[PDB]
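Written below as structure tokens is the structure these notes are about.
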Amino acid sequence: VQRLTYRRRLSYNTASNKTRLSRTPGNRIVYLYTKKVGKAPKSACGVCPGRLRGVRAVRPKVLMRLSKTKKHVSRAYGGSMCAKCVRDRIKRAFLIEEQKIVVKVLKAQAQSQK
Amino acid sequence: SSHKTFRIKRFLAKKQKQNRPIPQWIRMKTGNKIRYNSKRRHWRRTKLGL
Amino acid sequence: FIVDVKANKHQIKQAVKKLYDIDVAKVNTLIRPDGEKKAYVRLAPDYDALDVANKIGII
RNA sequence: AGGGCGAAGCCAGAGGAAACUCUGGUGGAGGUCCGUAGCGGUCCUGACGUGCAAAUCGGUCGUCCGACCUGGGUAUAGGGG
RNA sequence: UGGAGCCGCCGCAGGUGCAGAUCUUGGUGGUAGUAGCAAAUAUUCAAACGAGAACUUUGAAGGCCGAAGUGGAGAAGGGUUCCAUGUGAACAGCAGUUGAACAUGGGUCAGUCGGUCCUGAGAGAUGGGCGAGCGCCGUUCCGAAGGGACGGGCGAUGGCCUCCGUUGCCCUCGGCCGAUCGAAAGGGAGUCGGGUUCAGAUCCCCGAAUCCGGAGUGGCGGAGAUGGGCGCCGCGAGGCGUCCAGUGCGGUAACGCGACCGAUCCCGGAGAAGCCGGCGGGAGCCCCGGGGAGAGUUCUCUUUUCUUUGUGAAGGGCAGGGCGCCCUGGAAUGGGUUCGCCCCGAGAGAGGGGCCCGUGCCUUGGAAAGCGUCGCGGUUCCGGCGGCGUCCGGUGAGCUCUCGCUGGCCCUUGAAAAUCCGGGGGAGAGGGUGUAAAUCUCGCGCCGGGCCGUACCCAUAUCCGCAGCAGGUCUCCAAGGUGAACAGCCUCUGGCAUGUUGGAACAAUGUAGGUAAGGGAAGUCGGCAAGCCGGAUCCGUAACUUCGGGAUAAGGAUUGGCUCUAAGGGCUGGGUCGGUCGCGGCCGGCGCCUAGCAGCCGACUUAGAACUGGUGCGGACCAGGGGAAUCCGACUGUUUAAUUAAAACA
RNA sequence: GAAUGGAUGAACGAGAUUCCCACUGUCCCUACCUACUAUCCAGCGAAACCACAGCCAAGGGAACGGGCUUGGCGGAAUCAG
RNA sequence: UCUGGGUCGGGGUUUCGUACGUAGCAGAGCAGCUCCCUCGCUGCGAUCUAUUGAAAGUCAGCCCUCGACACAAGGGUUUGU
RNA sequence: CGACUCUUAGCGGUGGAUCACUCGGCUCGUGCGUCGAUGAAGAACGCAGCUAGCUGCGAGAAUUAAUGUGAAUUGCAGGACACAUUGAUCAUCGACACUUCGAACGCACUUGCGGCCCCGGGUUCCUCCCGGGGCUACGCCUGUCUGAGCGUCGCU
Ligand SMILES: [Mg+2]
Ligand SMILES: [Mg+2]
Ligand SMILES: [Mg+2]
Ligand SMILES: [Mg+2]
Ligand SMILES: [Mg+2]
Ligand SMILES: [Mg+2]
Ligand SMILES: [Mg+2]
Ligand SMILES: [Mg+2]
Ligand SMILES: [Mg+2]
Ligand SMILES: [Mg+2]
Ligand SMILES: [Mg+2]
Ligand SMILES: [Mg+2]
Ligand SMILES: [Mg+2]
Ligand SMILES: [Mg+2]
Ligand SMILES: [Mg+2]
Ligand SMILES: [Mg+2]
Ligand SMILES: [Mg+2]
Ligand SMILES: [Mg+2]
Ligand SMILES: [Mg+2]
Ligand SMILES: [Mg+2]
Ligand SMILES: [Mg+2]
Ligand SMILES: [Mg+2]
Ligand SMILES: [Mg+2]
Ligand SMILES: [Mg+2]
Ligand SMILES: [Mg+2]
Ligand SMILES: [Mg+2]
Ligand SMILES: [Mg+2]
Ligand SMILES: [Mg+2]
Ligand SMILES: [Mg+2]
Ligand SMILES: [Mg+2]
Ligand SMILES: [Mg+2]
Ligand SMILES: [Mg+2]
Ligand SMILES: [Mg+2]
Ligand SMILES: [Mg+2]
Ligand SMILES: [Mg+2]
Ligand SMILES: [Zn+2]
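Taken in sequence, the protein lines are chains A, B and C. Using my numbering, read the first sequence as starting at -11 and increasing by one per residue. Using my numbering, read the second sequence as starting at 340 and increasing by one per residue. Using my numbering, read the third sequence as starting at 1260 and increasing by one per residue.
Printed below as a string of structure tokens:
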């Protein structure tokens, strides 16, 4: 069996020195060094444990290269925050403001009464 | 080592140049007391300013 | 060539062009264990290396 | 490396009036056992003893998921560490 | 003998007389041609060169290392040890025609591999303080610790002073947080296939790529964006006049589409995370069945046994994984479902979708290249040129790597930063109906990427142990057989010449192995030493106990070869009758295996039975001797490097 | 003789004892075999040690002599032990 | 030249335990084909029987051969009443 | 006689005492009494036609200029030169020059990163890119400019 060697002066098997086997057109198994696994961004909410959809999970210094559309999604808070947490933020932020208005109304009635 | 600094590499180079044996025409000079280089350094025995 | 150790490829390129009225594709230096920066200098394909070699003396 | 033991949790079946209990599984815990590499260094009071060696060798041994082994970097200096 | 200076007497002067000091420095003997050149199984035949061969080289044979390697590559360290040619003085504890020796020359090529940048533990200036002082402390602390930016204004020049730059001044805004150093294994954009050398190649050549920076006048397309209204004229396509709109669109949604303005400010993410278990997917390798091409065997047998049978990165497609995403809807007779679990009115099943990874296939690359074969061209030089081939399937607690899901453990909760992006905001900017500013720009085009390292050894001969020293010294790769196995034993790939020598003998003493009649510890301080035991399956298992153990307790039986049997799985198939449309579809009616049956595949185990052998069978290898008690210390752990591993320390 | 800890105690121990079973060259009692040595040869080739040296009995003697006294006696050069 | 001793061969002796091959109606069973004959034929098949006290070794330090083959006055150093 | 051993002598080895030399030391004295940011000492790396070491020098590198001297230097080469000419070779040394570290100075010690002004290619100031040049240590004094302060006043 064809055993093989590392292709770089880094001898030690590390986070940096990860590999994979590949058959070339020359018909010799050769190590190719592999790129680290990128992660999709997690939500700005911080409770939803699941990572975001519609974003290319890639090593962050790549994002540079990528097009805008890969990096985000067409929504308010797009590619920063999961939908669920937006549509709860939305209705929360609305419902809160409706009660603030109700308390303002109850305050104004109390001033007019007194 | 195969990972040298430049400082060290240059140092080695001079050491490598110093090793050569005397030129034999030196022996024929007028007031010559020198017969052999006597500052010759073999890598296997005697191990540099390092 | 053998080149002065302080030189950049940029300088060598510029020197080779200036001295031999020539033009370079690329310079490709190393340092000899001896001390003398060697330089491999690829000339652009309009020029033949053996022709200039004969001009400068070497062959 | 590879094996052993098989802790909680889980399933079914049987009994029990209940409490719950038995039987068969599954599960894979642990400064758990055997045992390799590793780390060590018990005995032979073996070899050697102007040596291979200014402490080595051979068998035999201890330990081998943890107060584990180990590279590089870095800290502590002499009545000091 | 030697070849250039030297002495007697009278005075003066002293570093002035050696057998010793385990005296000092140098030299030389006896011991002595003595000890010694014994670790790790192994050599033999022929030839070549050559003055000369036990040792070189080539060929042939016999052997070993036996993928946890005596193989193939690095790290540190060495520093030219690398390669070639020549030499045979010295050195390589015999020799050498040899070498890591000696002498001549050669030899290390990068935007993409590393240094370089970041911060880590830490180190360390300034301010400040101490200090007789060289200095020390301190690193945010007793600091006026920002020199930057945007927008506006005013001035000055440099340019077709057009318009834009460049600078000076004025206003405007600005928290940081410590200067700096600190990693060739942490973080850290982007390079791979083929060829090429006596010695270098991800570095040279060929070919395919790629990142980052720049790109002004903007090099070009495309996007922004070219609608709609009203009024006329025209048969109509349409033309003009005039009015507004236009910082992209699609999807119920997850989200999508090639681009889709935008500052200081703010929020977030990525960089950025322990160990252990289980399960699954993907490759590399192994295996099996066949196709070819070349082999070996052929006394007999063998459709043989052996080799070999390819596609880089980057793009595009598609499987294959995963989702704690969405929509429908509403689940107890509760369901779904994992090896284990685990999930559900906070929405289960069921249906339809969305996103991520896609290292797997196909394809562009790419057959032109590589490999295998047969064959020619050339006295030569020649990287010459042609043919054919580079196929099809199947397997798996398989091993290695990897991606992924899901648990367990913690009085352990398992790095920072540089860098990169997303979002919230909406200060601004853009042109006025054919165009603009705009492209976290889409596609193409142009230019650049400096500096240093790059030879080889990496170890029973390039490192450290005074040496080619049985010592020490961090990693990657990792075939077949047997087998639980990276155990041992044998094998291929690759590698070696038995470890600083040879020959002849086979005495005593040894060192290292074995075997012994009868007895069986009578030996000896003492069962020290060696021997017994050993694997597996099936039974069987005591005292005691902290109830967990003790426990492989003890004690028993079996084991081979051969020929059979039984038991464990997957896939696919019926919608047949009638009609009609093109063996296939569509419709309607039966059927509806709903106890399933039929055909086709494929690992491997387990049990049982017959027969059989000079009772041999875990046949080598591997592999516990048990029991009863006492003392100490609960245990695992640690300890005197080099006489103490314990009852000492913890 | 009681946290200078007393008494205990399952599990564990390369810890200290004693006995039993098994097993054995431990022994009675020694023997034979193998390999590497030692041996002889070619080549190569050290060291420690060394007043001179090296046969005894007795005597005396600094009270255990190689040397002295008196006796015994004494024969080159060497090899393996 | 009692012609000899030697190598090879042959006997003898002796150790082990019956070779390969071939044949078999031996052989637990199984299979293929058919004449589905199950003693059909043909194959697989440990082992068994026969040939066969066979095969193989047997001086190198056993015994006899007088069969075959060569070779056998040769070399070097010595020593004197 | 034989070998071996012992003794003496001859000759030869081994070994380097002795003697004889001495461009070195040791001591005493005299005169002078001079390093450095205009970059010291020290270190590094370089430089010869053939040169390794010692010395000598610094990319103008076994030295340039100048002055004095007046035919060599020489291991071998080669050369020069007209040695009736600034002229070989030495000496002196006043002119010139003087790589990198170093108090050591843009900031770092990789030999890594920079900033700011000017110049050449590059542009046609388009900023890039390349190359060259000059600045860019800390402390302190005299002045200069810009400033700060509910520090002390004055005028508004
Ligand atoms: Mg790294
Ligand atoms: Mg998207
Ligand atoms: Mg060494
Ligand atoms: Mg001993
Ligand atoms: Mg000894
Ligand atoms: Mg040895
Ligand atoms: Mg004389
Ligand atoms: Mg004197
Ligand atoms: Mg004397
Ligand atoms: Mg000897
Ligand atoms: Mg190699
Ligand atoms: Mg070599
Ligand atoms: Mg020798
Ligand atoms: Mg740093
Ligand atoms: Mg569902
Ligand atoms: Mg290399
Ligand atoms: Mg190796
Ligand atoms: Mg051997
Ligand atoms: Mg040998
Ligand atoms: Mg050796
Ligand atoms: Mg016995
Ligand atoms: Mg006794
Ligand atoms: Mg006894
Ligand atoms: Mg024992
Ligand atoms: Mg027990
Ligand atoms: Mg007691
Ligand atoms: Mg203990
Ligand atoms: Mg010790
Ligand atoms: Mg010990
Ligand atoms: Mg007491
Ligand atoms: Mg008390
Ligand atoms: Mg007491
Ligand atoms: Mg005596
Ligand atoms: Mg004599
Ligand atoms: Mg002398
Ligand atoms: Zn959320």
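Heads up, the beta-carbon is just placed ideally off N, CA and C, and yes, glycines get one too.
Spatial distance of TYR1299/C from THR57/A (CA atoms): In the third sequence, the residue the question calls residue 1299/C occupies position 40. In the first sequence, the residue the question calls residue 57/A occupies position 69. About 46 Å.
Since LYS1297/C sits in a beta bridge, which residues does DSSP pair it with? In the third sequence, the residue the question calls residue 1297/C occupies position 38. In the DSSP output, where bridge partners are listed per residue, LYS1297/C has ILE1261/C and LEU1289/C.
Hey, is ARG384/B's beta-carbon within less than 8 Å of any beta-carbon in chain C? Walking along the second sequence from the start, residue 384/B turns up at place 45. Chain C, which has no Cβ nearer than 8 Å to the Cβ of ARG384/B, makes this no.
Anticipated Cβ contact below 8 Å, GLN(-10)/A with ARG8/A, distance rounded: Along the first sequence, read from residue 1 onward, the residue named residue -10/A stands at position 2. Along the first sequence, read from residue 1 onward, the residue named residue 8/A stands at position 20. The pair is not a contact, with the Cβ atoms about 15 Å apart (cut-off 8 Å).
Between the segment 29 to 46 of chain A and the segment 62 to 77 of chain A, can you find at least three pairs of beta-carbon atoms closer than 8 Å? yes
Can you round the beta-carbon distance between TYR19/A and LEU(-8)/A to whole angstroms, since I take them to be within the 8 Å contact cut? Taking the first residue of the first sequence as 1, we reach residue 19/A at position 31. Taking the first residue of the first sequence as 1, we reach residue -8/A at position 4. Yes, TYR19/A and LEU(-8)/A are in contact; Cβ-Cβ is about 6 Å, under 8 Å.
Taking only beta-carbon atoms, is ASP1310/C less than 8 Å away from chain B? Locating residue 1310/C in the third sequence gives position 51, where the first residue counts as 1. Answer no: the Cβ-Cβ gap between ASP1310/C and chain B never drops below 8 Å.
First and last residue of the uninterrupted alpha helix (DSSP H) at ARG(-5)/A: What you label residue -5/A is simply residue 7 of the first sequence in a count that begins at 1. No alpha helix (DSSP H) contains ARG(-5)/A, which DSSP labels as neither H nor E.
Along the segment 345 to 369 of chain B, what residues have a CB closer than 9 Å to any CB found in chain C? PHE345, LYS348, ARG349, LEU351, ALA352, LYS353, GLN355 and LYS356
Residue burial classification, residue 105/A (beta-carbon count within 10 angstroms, cutoff 16): Residue numbering for chain A in the displayed model covers -11 to 102; residue 105/A lies beyond these limits and cannot be assessed.
Check whether the segment 1277 to 1286 of chain C touches the segment 375 to 382 of chain B, counting contact only when three or more Cβ pairs, one atom from each stretch, lie closer than 8 Å. No, they do not touch.
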